[PDB]
Amino acid sequence: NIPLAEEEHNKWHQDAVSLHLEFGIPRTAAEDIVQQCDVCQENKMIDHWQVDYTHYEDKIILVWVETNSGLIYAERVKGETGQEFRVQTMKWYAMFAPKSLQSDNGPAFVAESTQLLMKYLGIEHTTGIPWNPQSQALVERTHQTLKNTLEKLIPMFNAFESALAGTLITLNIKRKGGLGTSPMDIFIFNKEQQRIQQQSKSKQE
Amino acid sequence: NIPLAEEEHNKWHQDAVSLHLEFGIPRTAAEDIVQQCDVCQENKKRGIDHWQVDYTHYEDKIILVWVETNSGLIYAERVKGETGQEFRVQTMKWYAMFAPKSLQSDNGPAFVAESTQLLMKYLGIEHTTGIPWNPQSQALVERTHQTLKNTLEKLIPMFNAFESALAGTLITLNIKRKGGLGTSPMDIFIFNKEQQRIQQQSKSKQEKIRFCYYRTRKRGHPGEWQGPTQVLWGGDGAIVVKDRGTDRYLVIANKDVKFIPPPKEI
Amino acid sequence: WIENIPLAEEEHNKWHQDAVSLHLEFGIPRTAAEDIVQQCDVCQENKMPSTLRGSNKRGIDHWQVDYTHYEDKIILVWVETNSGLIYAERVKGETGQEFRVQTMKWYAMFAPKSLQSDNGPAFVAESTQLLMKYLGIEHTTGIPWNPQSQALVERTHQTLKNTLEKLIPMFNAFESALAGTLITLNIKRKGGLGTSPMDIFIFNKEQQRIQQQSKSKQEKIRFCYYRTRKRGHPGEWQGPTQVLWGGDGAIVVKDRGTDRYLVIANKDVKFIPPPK
Amino acid sequence: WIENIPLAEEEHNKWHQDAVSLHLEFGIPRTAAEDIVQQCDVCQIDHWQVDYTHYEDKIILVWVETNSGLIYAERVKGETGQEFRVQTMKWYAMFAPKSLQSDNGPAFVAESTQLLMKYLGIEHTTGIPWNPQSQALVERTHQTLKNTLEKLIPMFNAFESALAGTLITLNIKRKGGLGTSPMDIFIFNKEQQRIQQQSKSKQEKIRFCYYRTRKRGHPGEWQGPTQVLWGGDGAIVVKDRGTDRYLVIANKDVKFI
Amino acid sequence: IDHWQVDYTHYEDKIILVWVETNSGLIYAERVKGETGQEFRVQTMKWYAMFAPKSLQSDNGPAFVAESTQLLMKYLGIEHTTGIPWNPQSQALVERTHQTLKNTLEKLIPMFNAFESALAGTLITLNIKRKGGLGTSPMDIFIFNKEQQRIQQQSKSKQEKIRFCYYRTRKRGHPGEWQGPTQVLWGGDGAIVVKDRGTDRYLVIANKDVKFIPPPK
DNA sequence: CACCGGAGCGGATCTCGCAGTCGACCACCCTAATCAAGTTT
DNA sequence: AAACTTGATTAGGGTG
């Protein structure tokens, strides 16, 4: 099916997501179709994330945002210090399977043993001024409607971590788009599709 | 489910889409929940079919792009000139190709041309001209035209007709291109139209409501005719209704039930 | 006339008339001419609610009551719904406690299974309600400004007071005369086939015997598909469920869709063969 | 009603649908709608068919949906192969065809047409179109079409506008069945295809799992793997291979694999 | 699936609220300040963000059986089951879960500054890195499970025919009386699935102890 | 061409108010403002 | 010596 997907790609030049999803080929193979197509590498406009700290009513919130699914995570934060962030990306590298990261150059992320925790855990960490309209619209609006839905939910709840969890529930889980796709729908699909190729990928590596 | 979906909303405060799809009530009911919920209306309007246009020049070829805002489904067609009338012809064709609930655009001439807005009125479409301000919109529209010129530049060598190449890009993006579970904008769109239509079918076919005025007896002495409000549960000779004042259900003697057709002034 | 209509409409908006005279004089179809006053405010407002209503035959041992003030005598009256055999007794006060005792008496006379009764406080009283509950009985509420749900007891207040006016001189006691009326209409009134209510209550107590109902379980069940014809063309068998009872040319069945008993003519039945 | 009813009387003079369609649009009385159509002098899956036809020396390409009855069409300069090639490139852009009917005309039976049906993967069928089921729909489509242009076109400066209007009358505004226009039936079929496909995709997996059983409540050790035959609520089905007898197994007593 | 069990556990005077999924074996754990109901309400709000629990087990402990905890489980639409923990099916899993949990904590806590980092480490080893069978992780088994819990699966099952049948059951081989007619709940090979309407329980009946019922014809 | 269905209107069925302004004083059940009787930090 | 809860005896709302 990968063959007919590259014939179809040289013809119509789809995304690797679209050839993956069209032909059921592993997404790695579809990426190899596109990235080898010179039409697509001449013409250019998973588990990949961004972080920025944010304060919501004198409460720092470490805000993880997955660049593809739009799927978010958060936890209340005592300080923007690096060691706390190392603990948060240990916990968070537990709660997810991150491939790669973007972020600003802020102190926690650029910090040496934080970077060495990205190498230890093995995540690709790109530190720099985020330049991309792709991420920054989504992350900006994420802080917008996050601080919104916090402002909606926090009166209801005793704890602030309870209401914070509330927002994460609404956006990760209750919220949907497309055909009734929450972000978590997108992610669980992408991982469970990663499993079956993943049983092949140990042979492909 | 509509009261329960609303209960889920005032708790959680979801999208209209999410409450709708979750509880399967009609989506305008979910919209109305969000809209009758002060919490979401305090902090933030587009239905499903909402389009935005921008003319786009590529290779000295004027192209009249349409961009649906929600699905991200798009149309475009090459153009001779940006005029009112040619644009009127294009959008007539388009509205044969499209059922669009509302439009946005900027203040460009054909948009702001008089008979074009009159033609939005002939066609009854909500037209909004003005500086398009929405980060939801402008990122989508901008990336849409960038990706448009991108894929034009890919495909036009492969085709005799630049028009069939443009059709090519619409195929790639609206059909072939996918996201999430395999969703192209076309399939998202067709789905949304489908469930929306079916919202009409649901609402029309099922419920024959009735409404009434009502009154009550004090030492037997009947009340004035009141509300009026809605038949909740019908029974022969008496019913269930809500007291708006007490927010409370009540059983009223038909004699004291002044019947009304449902739609009221609406 | 199709375009006479907005003027005729105006003439309702002006002169506010029936769908008919408007229909005819403007010479239109009448039905939207009714949709006028459907859509009128004015004429929509002040019309009356033509509504027939209904009373409940309801249940064996299902009951209905109201107290009486006959010649300044509180008389609380115990009156069946279905076959409408009755009882009553003179009372000194209407009160919930007193009432509760009265119903203990009368309840003990029978196995009365349920009730309709009005908003009178003694009917309504907390421990009264708890007493119905205590005994596993259904009170139901006669509602504001409907004696008519309380129909039969008021009816019988008529009948009775006529009979009182006969009998009471014949007795030492008003309440022996009360016994006399009670006697008569629960018995001596006999009609149709020349039967009292007492006949019918008691008969039906024999009729309502649980052991017989339990026993008929041994009789066979079959299920059956019913189905429905749209432009002549019958649906799938909808579903398949037991032939609750068969008649000649049709049966007893339930739609789970309505959860309600139903008929199917035996042509639109599938008979479903036995296990074997 | 009586606010809708005039407005539909206004709109039929524009759009000239069935009385049915307006009854089913606006929720008016049908018989009044019928009174308009009489009193309106003017009226007084993914399997398709193409025909050309001429309306006032304007060649037109006519697509017709063999099931929903939906139509695409556009004004045409000529019956050439190449023009129609770009037409149906655009049509395949706006539509997602499986299949097609047509006659043996040159632009169809022209090769690069058919090669482009292969490049696009449509199964092109030319031949003497034989079918009353099709050709009656074809027939009424043409007669009622040019009827309908002849209604609308004087309202319109540009003819492409009016033609688009005819398409709108038929596709969009006109209804059939329960109030179902052609586009209604059409879009329904479209969305039904994909969910057929998704359903098959979920039918593909056939998962297996470990399981165990209780003795006086005390557990058995894990057993299997064995296929997940049918899921229930709180439990599944599995074939016991030991007894060759299927087992209802609590989900908590399972490890899905 | 999404049937979870809790036991608070103390590791080195650190209360650890240990979620254990009864089926995948997936877990969550976090260091906890106290066994308080309120803190537990916060933790289960957080964790109901991190997962989509349908249902719950736990012991009868104070936080769990707490009133507004119960109202919270209702508020979130989770079924909370409180009990003397009496099952070896789930309690074998929970027992070994806590044992291996403290084991891996003792492995990882030297390797990390924070105990939340190291406890996170244990969840990584056990949910992610730990693998079984063909090499799927318990987290993969959870993802897997959740992924096939889709409603578009339900649509196709609605599209199918069901056929109905009588059924009987054997005692010492002696065939019982026929029963139903009922749903063929699933067609098998040599048998099918049926619920007993009497005991409200799914059951299998060999096709000889079945009589399938023909369609409306 | 026969059979079933949506829309239409004449006829048939059921409930009720016009009787001047309506309350005045009972009896029962349920709810509530106000006063009197204790402690407790 | 302020406040805090509960029992007792007449004034209003739904029903004969």
# chains A, B, ... in the order shown; residues from 1 in each chain; ligands from 1

call {"tool": "interface_residues", "arguments": {"of": "chain D", "to": "chain A", "cutoff": "10 Å", "atoms": "only C-alpha atoms", "output": "VMD selection string"}}
result
chain D and resid 119 to 120 201

call {"tool": "write_last_selection", "arguments": {"atoms": "N, CA and C atoms", "output": "compact mmCIF listing (two decimals), in the first residue's frame"}}
result
# COMPACT_ATOMS: atom_id res chain seq x y z
N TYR D 119 -6.56 7.76 -14.30
CA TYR D 119 -5.72 8.59 -13.46
C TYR D 119 -6.46 9.00 -12.19
N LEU D 120 -7.75 9.27 -12.32
CA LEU D 120 -8.63 9.58 -11.20
C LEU D 120 -9.35 8.36 -10.66
N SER D 201 -13.00 -1.07 9.46
CA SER D 201 -11.70 -0.91 10.09
C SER D 201 -11.72 -1.42 11.52

call {"tool": "residues_around", "arguments": {"residues": "stretch 8-15 of chain G", "least_positions_apart": "3", "cutoff": "8 Å", "atoms": "only C-alpha atoms (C1' of nucleotides)", "output": "list in words"}}
result
residues 218 of chain B; 118, 119, 120, 121 and 144 of chain C

call {"tool": "write_last_selection", "arguments": {"atoms": "C-alpha atoms", "output": "PDB file, in the first residue's frame"}}
result
ATOM      1  CA  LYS B 218     -57.945  30.687  45.690  1.00  0.00           C
TER       2      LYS B 218
ATOM      3  CA  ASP C 118     -58.720  16.212  47.652  1.00  0.00           C
ATOM      4  CA  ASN C 119     -56.571  18.886  49.222  1.00  0.00           C
ATOM      5  CA  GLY C 120     -58.418  18.743  52.519  1.00  0.00           C
ATOM      6  CA  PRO C 121     -55.780  18.855  55.219  1.00  0.00           C
ATOM      7  CA  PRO C 144     -57.370  22.362  43.316  1.00  0.00           C
TER       8      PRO C 144
END

call {"tool": "interface_residues", "arguments": {"of": "chain D", "to": "chain E", "cutoff": "7 Å", "atoms": "only C-alpha atoms", "output": "MDAnalysis selection string"}}
result
chainID D and resid 199 202 218:219 230 246 248 251:257

call {"tool": "write_last_selection", "arguments": {"atoms": "C-alpha atoms", "output": "mmCIF file, in the first residue's frame"}}
result
data_model
loop_
_atom_site.group_PDB
_atom_site.id
_atom_site.type_symbol
_atom_site.label_atom_id
_atom_site.label_comp_id
_atom_site.auth_asym_id
_atom_site.auth_seq_id
_atom_site.Cartn_x
_atom_site.Cartn_y
_atom_site.Cartn_z
ATOM 1 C CA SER D 199 -16.860 0.133 10.717
ATOM 2 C CA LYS D 202 -12.930 -1.689 13.585
ATOM 3 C CA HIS D 218 -10.200 -18.314 44.983
ATOM 4 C CA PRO D 219 -8.473 -17.419 41.726
ATOM 5 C CA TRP D 230 -17.547 -10.865 21.695
ATOM 6 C CA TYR D 246 -17.013 -20.662 25.167
ATOM 7 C CA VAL D 248 -18.316 -15.519 29.776
ATOM 8 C CA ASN D 251 -13.272 -7.936 32.328
ATOM 9 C CA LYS D 252 -11.433 -7.563 35.634
ATOM 10 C CA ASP D 253 -10.517 -11.250 35.244
ATOM 11 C CA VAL D 254 -9.045 -10.486 31.783
ATOM 12 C CA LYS D 255 -5.838 -9.008 30.464
ATOM 13 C CA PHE D 256 -6.433 -7.725 26.954
ATOM 14 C CA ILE D 257 -3.346 -7.977 24.826
#

call {"tool": "interface_residues", "arguments": {"of": "chain B", "to": "chain D", "cutoff": "10 Å", "atoms": "only C-alpha atoms", "output": "ChimeraX atom specification"}}
result
/B:75,77,85-86,88-99,122,159-172,174-175,181-182,186-195,197-198,201,204-205,263,266

call {"tool": "residues_around", "arguments": {"residues": "residue E:179", "least_positions_apart": "5", "cutoff": "8 Å", "atoms": "only C-alpha atoms (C1' of nucleotides)", "output": "ChimeraX atom specification"}}
result
/E:166-168

call {"tool": "write_last_selection", "arguments": {"atoms": "N, CA and C atoms", "output": "PDB file, in the first residue's frame"}}
result
ATOM      1  N   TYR E 166     -34.466 -20.425  20.762  1.00  0.00           N
ATOM      2  CA  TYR E 166     -34.701 -21.114  22.013  1.00  0.00           C
ATOM      3  C   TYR E 166     -33.399 -21.650  22.553  1.00  0.00           C
ATOM      4  N   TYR E 167     -33.422 -22.006  23.826  1.00  0.00           N
ATOM      5  CA  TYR E 167     -32.255 -22.620  24.411  1.00  0.00           C
ATOM      6  C   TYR E 167     -32.603 -23.434  25.642  1.00  0.00           C
ATOM      7  N   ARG E 168     -31.782 -24.454  25.871  1.00  0.00           N
ATOM      8  CA  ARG E 168     -31.872 -25.331  27.026  1.00  0.00           C
ATOM      9  C   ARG E 168     -30.483 -25.513  27.618  1.00  0.00           C
TER      10      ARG E 168
END

call {"tool": "atom_distance", "arguments": {"atom1": "atom CA of residue C:109", "atom2": "atom CA of residue C:129"}}
result
19.4 Å

call {"tool": "closest_atom_pairs", "arguments": {"of": "chain C", "to": "chain F", "cutoff": "7 Å", "atoms": "only C-alpha atoms (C1' of nucleotides)", "output": "JSON lines"}}
result
{"residue": "C:50", "atom": "CA", "partner": "F:15", "partner_atom": "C1'", "distance": 6.0}
{"residue": "C:51", "atom": "CA", "partner": "F:15", "partner_atom": "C1'", "distance": 6.2}
{"residue": "C:52", "atom": "CA", "partner": "F:14", "partner_atom": "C1'", "distance": 5.6}
{"residue": "C:94", "atom": "CA", "partner": "F:28", "partner_atom": "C1'", "distance": 5.7}
{"residue": "C:95", "atom": "CA", "partner": "F:28", "partner_atom": "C1'", "distance": 5.3}
{"residue": "C:120", "atom": "CA", "partner": "F:28", "partner_atom": "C1'", "distance": 6.7}
{"residue": "C:121", "atom": "CA", "partner": "F:29", "partner_atom": "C1'", "distance": 3.3}
{"residue": "C:122", "atom": "CA", "partner": "F:29", "partner_atom": "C1'", "distance": 5.7}
{"residue": "C:124", "atom": "CA", "partner": "F:29", "partner_atom": "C1'", "distance": 6.8}
{"residue": "C:125", "atom": "CA", "partner": "F:29", "partner_atom": "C1'", "distance": 6.0}
{"residue": "C:231", "atom": "CA", "partner": "F:4", "partner_atom": "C1'", "distance": 5.9}
{"residue": "C:232", "atom": "CA", "partner": "F:4", "partner_atom": "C1'", "distance": 6.3}

call {"tool": "write_last_selection", "arguments": {"atoms": "N, CA, C and O atoms", "output": "PDB file, in the first residue's frame"}}
result
ATOM      1  N   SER C  50     -62.232  24.458  25.569  1.00  0.00           N
ATOM      2  CA  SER C  50     -63.107  23.331  25.375  1.00  0.00           C
ATOM      3  C   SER C  50     -62.356  22.082  25.721  1.00  0.00           C
ATOM      4  O   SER C  50     -61.440  21.688  24.997  1.00  0.00           O
ATOM      5  N   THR C  51     -62.765  21.429  26.793  1.00  0.00           N
ATOM      6  CA  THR C  51     -62.066  20.260  27.282  1.00  0.00           C
ATOM      7  C   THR C  51     -62.988  19.346  28.039  1.00  0.00           C
ATOM      8  O   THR C  51     -63.809  19.789  28.849  1.00  0.00           O
ATOM      9  N   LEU C  52     -63.131  18.144  27.498  1.00  0.00           N
ATOM     10  CA  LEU C  52     -64.059  17.164  28.055  1.00  0.00           C
ATOM     11  C   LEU C  52     -63.736  16.570  29.414  1.00  0.00           C
ATOM     12  O   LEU C  52     -64.634  16.398  30.244  1.00  0.00           O
ATOM     13  N   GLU C  94     -63.195  17.010  61.079  1.00  0.00           N
ATOM     14  CA  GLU C  94     -62.625  16.492  59.853  1.00  0.00           C
ATOM     15  C   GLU C  94     -61.186  16.060  60.029  1.00  0.00           C
ATOM     16  O   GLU C  94     -60.552  15.644  59.060  1.00  0.00           O
ATOM     17  N   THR C  95     -60.676  16.125  61.249  1.00  0.00           N
ATOM     18  CA  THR C  95     -59.254  16.264  61.467  1.00  0.00           C
ATOM     19  C   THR C  95     -58.494  15.033  61.021  1.00  0.00           C
ATOM     20  O   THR C  95     -59.006  13.910  61.059  1.00  0.00           O
ATOM     21  N   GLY C 120     -58.008  18.566  51.142  1.00  0.00           N
ATOM     22  CA  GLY C 120     -58.418  18.743  52.519  1.00  0.00           C
ATOM     23  C   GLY C 120     -57.240  18.295  53.363  1.00  0.00           C
ATOM     24  O   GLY C 120     -56.659  17.218  53.168  1.00  0.00           O
ATOM     25  N   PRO C 121     -56.963  19.078  54.390  1.00  0.00           N
ATOM     26  CA  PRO C 121     -55.780  18.855  55.219  1.00  0.00           C
ATOM     27  C   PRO C 121     -55.722  17.475  55.836  1.00  0.00           C
ATOM     28  O   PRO C 121     -54.621  16.944  55.982  1.00  0.00           O
ATOM     29  N   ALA C 122     -56.855  16.890  56.198  1.00  0.00           N
ATOM     30  CA  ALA C 122     -56.768  15.603  56.862  1.00  0.00           C
ATOM     31  C   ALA C 122     -56.341  14.522  55.891  1.00  0.00           C
ATOM     32  O   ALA C 122     -55.556  13.633  56.240  1.00  0.00           O
ATOM     33  N   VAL C 124     -54.464  15.186  53.519  1.00  0.00           N
ATOM     34  CA  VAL C 124     -53.168  15.628  53.085  1.00  0.00           C
ATOM     35  C   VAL C 124     -52.117  15.413  54.154  1.00  0.00           C
ATOM     36  O   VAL C 124     -50.916  15.480  53.850  1.00  0.00           O
ATOM     37  N   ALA C 125     -52.536  15.103  55.384  1.00  0.00           N
ATOM     38  CA  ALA C 125     -51.707  15.269  56.564  1.00  0.00           C
ATOM     39  C   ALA C 125     -50.499  14.380  56.458  1.00  0.00           C
ATOM     40  O   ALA C 125     -50.480  13.439  55.657  1.00  0.00           O
ATOM     41  N   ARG C 231     -46.573   2.530   2.622  1.00  0.00           N
ATOM     42  CA  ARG C 231     -46.957   2.463   1.210  1.00  0.00           C
ATOM     43  C   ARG C 231     -47.295   1.029   0.790  1.00  0.00           C
ATOM     44  O   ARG C 231     -47.208   0.674  -0.388  1.00  0.00           O
ATOM     45  N   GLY C 232     -47.765   0.211   1.754  1.00  0.00           N
ATOM     46  CA  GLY C 232     -48.231  -1.148   1.498  1.00  0.00           C
ATOM     47  C   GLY C 232     -47.292  -2.251   1.897  1.00  0.00           C
ATOM     48  O   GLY C 232     -47.662  -3.431   1.781  1.00  0.00           O
TER      49      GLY C 232
END

call {"tool": "interface_residues", "arguments": {"of": "chain E", "to": "chain C", "cutoff": "12 Å", "atoms": "only C-alpha atoms", "output": "list in words"}}
result
residues 161, 162, 163, 164, 165, 166, 167, 168, 175, 176, 177, 178, 179, 180, 181, 182, 183, 208, 209, 210, 211, 212, 213, 214, 215, 216 and 217 of chain E

call {"tool": "select_by_dssp", "arguments": {"residues": "stretch 155-211 of chain E", "states": "alpha helix (DSSP H)", "output": "ChimeraX atom specification"}}
result
/E:155-159

call {"tool": "write_last_selection", "arguments": {"atoms": "N, CA and C atoms", "output": "PDB file, in the first residue's frame"}}
result
ATOM      1  N   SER E 155     -21.876   1.444  16.161  1.00  0.00           N
ATOM      2  CA  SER E 155     -22.710   1.683  14.983  1.00  0.00           C
ATOM      3  C   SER E 155     -22.823   0.438  14.101  1.00  0.00           C
ATOM      4  N   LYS E 156     -21.692  -0.204  13.816  1.00  0.00           N
ATOM      5  CA  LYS E 156     -21.700  -1.379  12.956  1.00  0.00           C
ATOM      6  C   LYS E 156     -22.516  -2.508  13.559  1.00  0.00           C
ATOM      7  N   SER E 157     -22.391  -2.708  14.869  1.00  0.00           N
ATOM      8  CA  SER E 157     -23.166  -3.750  15.526  1.00  0.00           C
ATOM      9  C   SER E 157     -24.652  -3.445  15.448  1.00  0.00           C
ATOM     10  N   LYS E 158     -25.016  -2.159  15.470  1.00  0.00           N
ATOM     11  CA  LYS E 158     -26.415  -1.812  15.244  1.00  0.00           C
ATOM     12  C   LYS E 158     -26.860  -2.197  13.840  1.00  0.00           C
ATOM     13  N   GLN E 159     -25.954  -2.118  12.863  1.00  0.00           N
ATOM     14  CA  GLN E 159     -26.361  -2.368  11.481  1.00  0.00           C
ATOM     15  C   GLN E 159     -26.721  -3.834  11.233  1.00  0.00           C
TER      16      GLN E 159
END

call {"tool": "interface_residues", "arguments": {"of": "chain D", "to": "chain C", "cutoff": "8 Å", "atoms": "only C-alpha atoms", "output": "MDAnalysis selection string"}}
result
chainID D and resid 1:2 29 32 35:36

call {"tool": "write_last_selection", "arguments": {"atoms": "N, CA and C atoms", "output": "compact mmCIF listing (two decimals), in the first residue's frame"}}
result
# COMPACT_ATOMS: atom_id res chain seq x y z
N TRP D 1 -46.46 30.53 9.98
CA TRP D 1 -47.40 30.17 8.92
C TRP D 1 -47.61 31.43 8.13
N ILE D 2 -48.55 32.22 8.60
CA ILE D 2 -49.11 33.28 7.80
C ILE D 2 -48.11 34.44 7.67
N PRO D 29 -49.29 25.53 4.72
CA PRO D 29 -50.23 24.58 4.12
C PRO D 29 -49.74 24.17 2.74
N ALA D 32 -52.26 25.39 -0.08
CA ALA D 32 -52.01 26.77 -0.43
C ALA D 32 -50.77 26.88 -1.30
N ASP D 35 -51.76 26.00 -4.52
CA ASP D 35 -52.50 27.11 -5.10
C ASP D 35 -51.54 28.12 -5.68
N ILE D 36 -50.36 28.27 -5.07
CA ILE D 36 -49.40 29.19 -5.65
C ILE D 36 -48.86 28.64 -6.94

call {"tool": "decode", "arguments": {"residues": "stretch 18-75 of chain D", "atoms": "C-alpha atoms", "output": "PDB file, in the first residue's frame"}}
result
ATOM      1  CA  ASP D  18     -42.656  22.207  -5.825  1.00  0.00           C
ATOM      2  CA  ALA D  19     -45.551  23.261  -3.655  1.00  0.00           C
ATOM      3  CA  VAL D  20     -44.320  20.207  -1.793  1.00  0.00           C
ATOM      4  CA  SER D  21     -40.932  21.781  -1.352  1.00  0.00           C
ATOM      5  CA  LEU D  22     -42.309  24.949   0.190  1.00  0.00           C
ATOM      6  CA  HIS D  23     -44.745  23.104   2.401  1.00  0.00           C
ATOM      7  CA  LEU D  24     -41.701  21.229   3.543  1.00  0.00           C
ATOM      8  CA  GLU D  25     -39.510  24.337   3.578  1.00  0.00           C
ATOM      9  CA  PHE D  26     -41.561  26.888   5.406  1.00  0.00           C
ATOM     10  CA  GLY D  27     -44.051  24.600   7.076  1.00  0.00           C
ATOM     11  CA  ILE D  28     -47.019  26.160   5.321  1.00  0.00           C
ATOM     12  CA  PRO D  29     -50.226  24.584   4.121  1.00  0.00           C
ATOM     13  CA  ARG D  30     -49.398  22.396   1.144  1.00  0.00           C
ATOM     14  CA  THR D  31     -52.660  23.061  -0.603  1.00  0.00           C
ATOM     15  CA  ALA D  32     -52.013  26.771  -0.433  1.00  0.00           C
ATOM     16  CA  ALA D  33     -48.567  26.053  -1.807  1.00  0.00           C
ATOM     17  CA  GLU D  34     -50.223  24.125  -4.608  1.00  0.00           C
ATOM     18  CA  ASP D  35     -52.499  27.108  -5.099  1.00  0.00           C
ATOM     19  CA  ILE D  36     -49.401  29.194  -5.651  1.00  0.00           C
ATOM     20  CA  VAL D  37     -47.844  26.802  -8.128  1.00  0.00           C
ATOM     21  CA  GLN D  38     -51.088  26.752 -10.069  1.00  0.00           C
ATOM     22  CA  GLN D  39     -51.429  30.509  -9.601  1.00  0.00           C
ATOM     23  CA  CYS D  40     -47.733  30.669 -10.490  1.00  0.00           C
ATOM     24  CA  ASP D  41     -47.897  30.878 -14.267  1.00  0.00           C
ATOM     25  CA  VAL D  42     -44.190  30.087 -14.397  1.00  0.00           C
ATOM     26  CA  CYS D  43     -44.435  26.457 -13.323  1.00  0.00           C
ATOM     27  CA  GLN D  44     -47.540  26.414 -15.489  1.00  0.00           C
ATOM     28  CA  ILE D  45     -23.894   5.783  -4.713  1.00  0.00           C
ATOM     29  CA  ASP D  46     -21.607   8.296  -6.390  1.00  0.00           C
ATOM     30  CA  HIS D  47     -22.894   6.775  -9.621  1.00  0.00           C
ATOM     31  CA  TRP D  48     -23.643   9.322 -12.258  1.00  0.00           C
ATOM     32  CA  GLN D  49     -24.709  10.059 -15.782  1.00  0.00           C
ATOM     33  CA  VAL D  50     -23.538  12.787 -18.155  1.00  0.00           C
ATOM     34  CA  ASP D  51     -25.417  14.240 -21.102  1.00  0.00           C
ATOM     35  CA  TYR D  52     -24.893  17.294 -23.260  1.00  0.00           C
ATOM     36  CA  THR D  53     -27.842  19.413 -24.212  1.00  0.00           C
ATOM     37  CA  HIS D  54     -28.380  22.748 -25.916  1.00  0.00           C
ATOM     38  CA  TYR D  55     -30.325  25.646 -24.439  1.00  0.00           C
ATOM     39  CA  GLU D  56     -30.404  28.681 -26.739  1.00  0.00           C
ATOM     40  CA  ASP D  57     -27.123  27.721 -28.458  1.00  0.00           C
ATOM     41  CA  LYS D  58     -25.430  27.299 -25.087  1.00  0.00           C
ATOM     42  CA  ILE D  59     -23.856  23.882 -24.824  1.00  0.00           C
ATOM     43  CA  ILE D  60     -24.216  22.555 -21.304  1.00  0.00           C
ATOM     44  CA  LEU D  61     -22.584  19.652 -19.462  1.00  0.00           C
ATOM     45  CA  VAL D  62     -25.176  17.865 -17.320  1.00  0.00           C
ATOM     46  CA  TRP D  63     -24.152  15.562 -14.479  1.00  0.00           C
ATOM     47  CA  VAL D  64     -26.952  13.631 -12.804  1.00  0.00           C
ATOM     48  CA  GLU D  65     -26.731  11.556  -9.669  1.00  0.00           C
ATOM     49  CA  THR D  66     -28.219   8.160 -10.451  1.00  0.00           C
ATOM     50  CA  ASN D  67     -29.539   7.606  -6.900  1.00  0.00           C
ATOM     51  CA  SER D  68     -30.162  10.884  -5.053  1.00  0.00           C
ATOM     52  CA  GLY D  69     -31.106  12.554  -8.321  1.00  0.00           C
ATOM     53  CA  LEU D  70     -28.686  15.355  -7.533  1.00  0.00           C
ATOM     54  CA  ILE D  71     -27.192  17.169 -10.500  1.00  0.00           C
ATOM     55  CA  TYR D  72     -24.172  19.212 -11.389  1.00  0.00           C
ATOM     56  CA  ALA D  73     -24.094  21.176 -14.578  1.00  0.00           C
ATOM     57  CA  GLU D  74     -22.249  24.094 -16.144  1.00  0.00           C
ATOM     58  CA  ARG D  75     -22.402  26.125 -19.343  1.00  0.00           C
TER      59      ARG D  75
END
